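Chains as they are written, first to last, in the authors' numbering: chain C, 1 to 440; chain F, 1 to 102, 144 to 151, 159 to 166, 180 to 247, 252 to 362, 373 to 384; chain D, 2 to 273, 284 to 431.
Virtual Cβ for every residue (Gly too), placed ideally from N, Cα, C.
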Amino acid sequence: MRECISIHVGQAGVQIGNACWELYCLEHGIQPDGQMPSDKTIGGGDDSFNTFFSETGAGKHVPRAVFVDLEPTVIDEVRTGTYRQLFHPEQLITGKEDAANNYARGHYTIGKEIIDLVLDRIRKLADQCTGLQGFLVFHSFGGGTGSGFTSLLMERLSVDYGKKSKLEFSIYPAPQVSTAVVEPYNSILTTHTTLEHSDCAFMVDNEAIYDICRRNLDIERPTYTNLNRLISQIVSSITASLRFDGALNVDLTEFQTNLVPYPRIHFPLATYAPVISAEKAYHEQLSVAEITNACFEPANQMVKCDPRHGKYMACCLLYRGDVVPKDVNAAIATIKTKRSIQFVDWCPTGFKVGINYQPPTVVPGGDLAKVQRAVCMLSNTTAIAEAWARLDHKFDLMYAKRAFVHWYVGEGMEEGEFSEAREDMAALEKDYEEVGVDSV
Amino acid sequence: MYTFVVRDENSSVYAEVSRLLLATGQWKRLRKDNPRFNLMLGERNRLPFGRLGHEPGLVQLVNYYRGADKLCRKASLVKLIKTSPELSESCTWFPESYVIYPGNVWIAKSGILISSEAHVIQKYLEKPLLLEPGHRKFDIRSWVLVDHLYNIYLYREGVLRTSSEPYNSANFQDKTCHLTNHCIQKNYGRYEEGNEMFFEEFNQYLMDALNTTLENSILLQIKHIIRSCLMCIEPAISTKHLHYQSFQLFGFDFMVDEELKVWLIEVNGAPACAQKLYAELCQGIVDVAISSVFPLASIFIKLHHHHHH
Amino acid sequence: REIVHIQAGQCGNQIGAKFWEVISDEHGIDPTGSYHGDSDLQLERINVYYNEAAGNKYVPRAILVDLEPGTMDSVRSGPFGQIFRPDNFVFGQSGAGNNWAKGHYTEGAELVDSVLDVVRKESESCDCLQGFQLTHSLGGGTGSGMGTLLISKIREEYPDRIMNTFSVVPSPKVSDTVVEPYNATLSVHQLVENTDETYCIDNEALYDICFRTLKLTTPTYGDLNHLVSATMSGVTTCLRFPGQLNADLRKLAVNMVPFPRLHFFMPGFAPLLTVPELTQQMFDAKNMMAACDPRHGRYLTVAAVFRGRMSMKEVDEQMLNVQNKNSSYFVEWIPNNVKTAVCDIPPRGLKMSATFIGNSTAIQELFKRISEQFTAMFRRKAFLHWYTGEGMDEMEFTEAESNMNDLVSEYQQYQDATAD
Ligand SMILES: Nc1nc2c(ncn2[C@@H]2O[C@H](COP(=O)(O)OP(=O)(O)OP(=O)(O)O)[C@@H](O)[C@H]2O)c(=O)[nH]1
Ligand SMILES: Nc1nc2c(ncn2[C@@H]2O[C@H](COP(=O)(O)OP(=O)(O)OP(=O)(O)O)[C@@H](O)[C@H]2O)c(=O)[nH]1
Ligand SMILES: Nc1ncnc2c1ncn2[C@@H]1O[C@H](COP(=O)(O)OP(=O)(O)CP(=O)(O)O)[C@@H](O)[C@H]1O
Ligand SMILES: Nc1nc(NCc2ccc3c(c2)OCO3)cc(-c2cccc3[nH]ccc23)n1
Ligand SMILES: [Ca+2]
Ligand SMILES: [Mg+2]
Ligand SMILES: [Mg+2]
């Protein structure tokens with residue numbers, strides 16, 4: 001059992017969903033028609049991949065997933081694209097008119113008209129589970145739908161499924177590919193309203209991904225496709241422990257216990273290696289040591305910040321492929337003797353390690369090399385609060401003049417919601433300060 | 001007591017600064033070769049910067065930035081503009097100019161010659190804004206103070222240095238109508258005192274004749290230009306973290322064309338001031354540049380801009 | 002999805018027709034309404050501006066309005082005149098004689114209901130109407146007064162749809178008709194309250210461009226309208242061809258309008284090459300379609316649209332360069348206020364082009380000019396009997412003047428604001 005349900009919200013969430021499900025199909029040997037010849041138990045089973053896929057009597061393997069957008073053109077591409085047969089039509093839900101980059105339309109004016117249908121389709125998925133574990137929610141911070149509708153949905157899920165865990169994958173805005181001036185408003189509004197409803201959230205900064213694609217894959221001007229394929233490799237590293245078995249495999253829930261010391265402090269920093277082109281991977285085999293070292297190079301982080309000027313509260317290493325513990329231990333010993341790794345005084349310094357043997361996969365025609373071994377580090381560090389600071393400053397500059405605020409008031413919001421949200425962010429920055437001070 | 005030395009006898013500005021400091025009661029002047037000074041008012045030529053900042057127990061301050069000559073010579077300025085990416089060969093507010101070693146009207150300068165035949182060669186501005194009455198050319202002087210922290214302060218009073226001759230397209234040999242220098246003019254004095262017009266009158270004129278203000282039509286561009294020039298050289302000359310500190314007073318000269326576009330002509334590294342404003346400006350230097358470092362027992376606009384993008 | 006287009010009066014109808022000619026040419030639609038293009042990119046978002054009729058015929062979603070009949074004849078005889086729906090022509094007989102009060106209160110009020118019937122029939126069959134665009138001049142009688150009446154009535158029936166205008170501002174260099182500043186002030190008073198977006202197309206600037214830059218010694222209306230049609234084509238490019246961007250009129254408005262009253266834009270076009288040259292030229296005062304120097308103010312927001320095949324890396328680098336070198340002209344308290352679009356399909360007869368849309372406080376210079384001419388007449392009450400004879404009070408003139416002065420003062424307030 002232990003099933004998980006994925007929810008993909010708005011453009012960014014949908015398109016990242018496409019990249020993730022394509023990659024999962026390649027990892028498990030599922031064809032685009034849904035057939036899986038290696039699966040000899042027809043119509044059911046409790047194999048590890050059944051946490052993410054259900055099975056019909058006709059042998060089709062069907063994602064446990066809902067896609068939601070308030071306009072139709074992005075999800076229409078899924079309806080007509082390569083993987084159109086993977087999904088039942090009731091899983092693909094669209095309205096007619098979007099939120100126009102406005103949190104208030106996604107949470108209230110437009111969002112209210114579709115929330116009950118979305119919840120009922122989710123209920124249909126939940127009823128097929130024999131031991132549902134929780135939810136995975138994919139969305140942008142900056143869009144009207146990804147911010148406001150996601151907020152609304154999280155509130156309703158807490159009502160209908162109680163304390164059942166909810167995890168986020170959240171796209172943090174960058175000016176190089178950003179399309180709206182108001183993205184800082186939406187980011188604070190959704191972060192305030194979701195903070196009590198989420199158990200754990202993985203932020204992905206578009207500027208970090210853009211930089212990595214340019215520097216390591218030699219792509220002059222990266223597209224959404226490049227970014228989403230790399231993101232999907234990180235997501236796959238995180239969920240691999242849920243989707244494959246094995247004796248050195250370590251459950252993600254067990255990492256959550258270690259990653260979250262207080263309910264509000266639930267935002268891990270992800271780092272992935274190696275990201276390398278085919279031309280450079282040739283005749284250059286990367287060892288366990290080289291990739292483990294690369295996990296402490298800030299240029300490989302998913303969020304721009306400097307862990308060397310904060311403190312660690314947890315540090316986890318998720319290996320996949322041709323990796324044995326002996327080489328892990330030698331690499332860790334070296335890193336401990338060489339780098340600036342300072343823990344808070346109320347927390348032990350041991351690194352937690354997992355190994356999955358199933359090797360990494362790449363998509364055909366991609367810009368990533370196929371490699372024999374890879375690693376994802378997840379750290380809980382105070383340095384991540386720098387990203388909140390950057391966003392809060394931009395919020396202040398505009399709000400002092402009330403710029404664009406009339407667009408929100410016209411949909412029924414009050415200024416009090418702006419200032420209440422901003423205060424909650426101020427208190428979060430203060431929490432991150434308090435957890436790094438020494439005991440007395 | 002703070003202590004100071006005077007080493008340039010011809011500075012009017014610093015003769016008044018000196019007299020003010022003395023009349024404070026809390027500053028003592030020393031002979032030009034005593035090394036135990038807090039503040040040097042230096043010479044213009046070959047100021048000995050290598051001998052500053054090596055006196056235990058004295059904070060030492062000087063009224064010049066080492067390296068600022070790069071901005072304050074014509075050839076150096078042309079080279080800095082063309083070769084600096086923050087300015088570039090396509091800089092819109094500086095006239096097209098070419099270094100030469102020993144509408145096609147040009148001016149040669151470093159005795160001046162303006163012709164369309166034939180040092181720096183610079184495009185001569187054929188369509189200047191002409192003041193009425195008198196159909197006459199002018200230039201704008203602005204004073205700017207840069208402190209030890211590299212704050213950039215624009216003195217709120219400027220001056221227009223006018224011609225008192227009608228402008229003549231068809232005579233570039235005769236320089237009295239083309240060149241607005243104070244000495245060269247002394252019909253001197255007819256319209257205004259000493260061929261100097263101040264901001265209150267000029268703003269009134271722009272309102273009455275062109276239905277706009279000095280602030281909107283002209284001053285935005287002046288501020289943009291001053292800030293761009295000084296931010297360009299900041300890494301080369303800043304004294305932050307250095308063992309001695311610097312401030313300096315600069316004189317920017319501008320030309321205004323008939324569509325209200327502002328052009329930079331010249332940066333002067335050792336300006337004098339218009340008479341009427343000595344008292345006020347020199348007091349401002351003491352307040353902002355000296356007592357900030359050596360405290361005792373606003374006429375400026377601070378130029379700062381941090382746009383996010 | 003669907004946009005409904007309205008053109009009112011002589012000026013509005015002439016530029017409307019040119020707009021429909023240019024975009025019909027860009028989509029490969031002939032005067033009969035048949036598609037004969039070479040590329041699927043032409044039809045993918047065709048329905049934004051065109052209906053499909055039987056036989057795969059494409060018919061503009063366009064309504065044609067005047068109080069003067071005969072402009073209807075000149076349109077109908079124009080090259081694309083057969084393409085328009087015959088029932089969409091709504092014309093009176095009387096004329097308005099350059100009198101705003103006739104357009105807004107008397108002759109135009111009688112006809113407005115028949116105009117609304119056609120509007121409603123077109124709107125009812127839209128899958129998902131985004132809103133409306135109107136072309137008119139502000140200096141005549143029909144387009145200014147009746148057009149702003151139409152705007153008010155549409156807002157009553159579609160209060161949640163976007164209302165956009167392309168509004169031609171008068172200049173003594175093109176028309177000597179003496180009452181124009183009255184008509185423009187009275188219309189602007191309406192526009193401040195009831196539109197989301199107004200492109201200020203200034204006949205002053207168009208004349209100066211035709212004379213100085215294009216070297217046309219005696220500019221005709223045709224030369225001005227060539228510039229207008231190229232600009233309007235540029236500014237609707239991002240809705241009209243498939244291309245990285247997923248937007249609707251409301252999201253554009255949300256990106257461009259920080260305060261509800263400050264929604265009057267300065268358009269530009271270049272050339273009248285390399286990416287640096289285009290970029291430098293589009294930010295030059297001489298390329299603006301409003302007679303304003305942007306260096307006499309500050310930008311609240313800017314959109315830049317490039318057309319043709321070029322390097323996206325290079326476009327990004329040049330936009331950053333102009334912002335870095337001209338930083339004083341962008342308000343520091345709105346981060347990331349410059350947006351860029353690239354369309355692969357060039358306009359007819361060019362390999363590369365740029366269209367500019369600016370929300371600048373320098374637009375106050377335009378409003379000041381008009382204001383001066385207004386006061387020159389109002390202080391002597393010249394020609395006022397033309398308007399009071401239609402039932403108007405002096406008081407309405409006083410209020411309109413006051414509102415335009417307030418708009419100016421507000422632009423100045425945001426020009427002077429700082430961050431610290
Ligand atoms: N990484 C990544 N970011 C994306 C993608 N698509 C959009 N974004 C980012 O998401 C933000 C815009 O939000 P969208 O997802 O496009 O908006 P939305 O949820 O559809 O909301 P509305 O369209 O306003 O109703 C911008 O910061 C984009 O850079 C994507 O495919 N991948
Ligand atoms: N740019 C441009 N301006 C025009 C054109 N036609 C008219 N104008 C301007 O429009 C203004 C006059 O308004 P009109 O459009 O003629 O007035 P109307 O809407 O037809 O109303 P009436 O003629 O009174 O019935 C003048 O200032 C002209 O300069 C045109 O084709 N192009
Ligand atoms: N390119 C140009 N176009 C138009 N006028 C010009 C010009 N270059 C110089 N001038 C005119 O010539 C005058 C003097 O030139 P110059 O820049 O040498 O002054 P200057 O250095 O002798 C005075 P100071 O040193 O006190 O600042 C200017 O005031 C200006 O009126
Ligand atoms: N406000 C606004 N902007 C426009 N283009 C600039 C832009 C491009 C890409 C952007 C962006 C803004 O914001 C984020 O991405 C066009 C328009 C318009 C007006 C009237 C009729 C129209 N028919 C089609 C368009 C349009 N209106
Ligand atoms: Ca099975
Ligand atoms: Mg969307
Ligand atoms: Mg007419």
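Listed in chain order, the non-local C-beta contacts of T149 (chain D) below 6 Å within the same chain comprise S188, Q191, local neighbours out to five positions each way being set aside. Boundaries of the beta strand (DSSP E) harbouring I148 (chain F): 147-150, taken from the DSSP string.
When Cβ pairs closer than 8 Å are counted between the two stretches, the region 131-147 of chain C is seen not to touch the region 23-32 of chain C, the count staying below three. With a cutoff of 8 Å on beta-carbon distance, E429 (chain C) and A400 (chain C) are scored as not near each other. Chain-ordered, the chain D residues with CB closer than 7 Å to the CB of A180 (chain C) read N256. With respect to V375 (chain C), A273 (chain C) sits close: the two C-beta atoms are nearer than 8 Å.
Comparing alpha carbon positions, the residue from C:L397, C:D345, C:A369 closest to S439 (chain C) is C:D345. Between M425 (chain C) and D392 (chain C) the beta-carbon gap is near 6 Å, inside 8 Å, which marks them as a contact.
Think of a sphere of 7 Å around the beta carbon of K82 (chain F): no beta carbon from chain D falls inside it, the nearest being about 14 Å out. At a cut-off of 8 Å, the C-beta of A389 (chain C) has no neighbouring C-beta in chain D. Shown here for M330 (chain D): same chain residues with a beta carbon closer than 6 Å to its own, the five before and five after excluded, namely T351 in chain order.
At least 8 Å separates the beta-carbon of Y224 (chain C) from that of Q91 (chain C).
Using a Cβ-Cβ cut-off of 9 Å, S230 (chain D) is close to nothing in chain F; its nearest Cβ partner there is about 27 Å away. Around the CB of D197 (chain D), 16 or more other CB atoms lie within 10 Å, so the residue is classed as buried. Shortest Cα-Cα distance from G42 (chain F) to any of F:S11, F:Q286, F:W27, F:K28 involves F:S11. Judged by the Cβ position, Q183 (chain F) qualifies as a neighbour of ligand 3 at the 7 Å threshold, a heavy atom of the ligand being closer than this.
In the structure shown, the three-state DSSP call for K352 (chain C) is strand. For the set F:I374, F:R222, F:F359, the Cα lying nearest the Cα of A344 (chain F) is the one of F:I374. In the displayed model, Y2 (chain F) falls within a strand according to three-state DSSP. According to DSSP, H8 (chain C) shares a beta bridge with C:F67, C:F138.
In this structure, DSSP gives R380 (chain D) a helical state, which the three-state scheme calls helix. Here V59 (chain F) is exposed. Its C-beta has fewer than 16 other C-beta atoms within 10 Å. In terms of CA proximity to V419 (chain D), D:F265 leads the group D:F265, D:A102, D:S115, D:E181.
Minimum Cα-Cα distance from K188 (chain F) among the listed residues F:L215, F:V181, F:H180, F:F199 corresponds to F:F199. Counting the other Cβ atoms within 10 Å of the Cβ of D205 (chain C) gives 16 or more, which makes it buried. Distance from the C-beta of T56 (chain C) to the nearest heavy atom of ligand 5 is not below 7 Å.
In the assembly as shown, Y319 (chain C) is a buried residue. Its beta-carbon has 16 or more other beta-carbons within 10 Å.
Residues of chain D with a Cβ closer than 9 Å to the Cβ of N228 (chain C) do not exist; the shortest Cβ-Cβ separation is about 14 Å. The closest heavy atom of ligand 4 lies 7 Å or more from the beta carbon of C213 (chain C). Counting of Cβ neighbours within 10 angstroms places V179 (chain D) among the exposed residues, the total staying below 16.
Taking each of D:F92, D:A254, D:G34 in turn and checking the Cα distance to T179 (chain C), the smallest one comes out for D:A254. Its Cα nearest to that of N276 (chain F), the residue D:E383 stands out among D:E383, D:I24, D:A387, D:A430.
Taking every residue with its beta carbon within less than 5 Å of a heavy atom belonging to ligand 5 gives, in chain order, C:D39, C:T41, C:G45.
Sequence-ordered contacts of the region 166-190 of chain D with chain F are nonexistent [C-beta pairs closer than 7 Å]. Those residues having their beta-carbon less than 5 Å away from any non-hydrogen atom of ligand 7 are, in chain order, D:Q11, D:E69. DSSP places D327 (chain D) in the uninterrupted alpha helix (DSSP H) bounded by 323-336.
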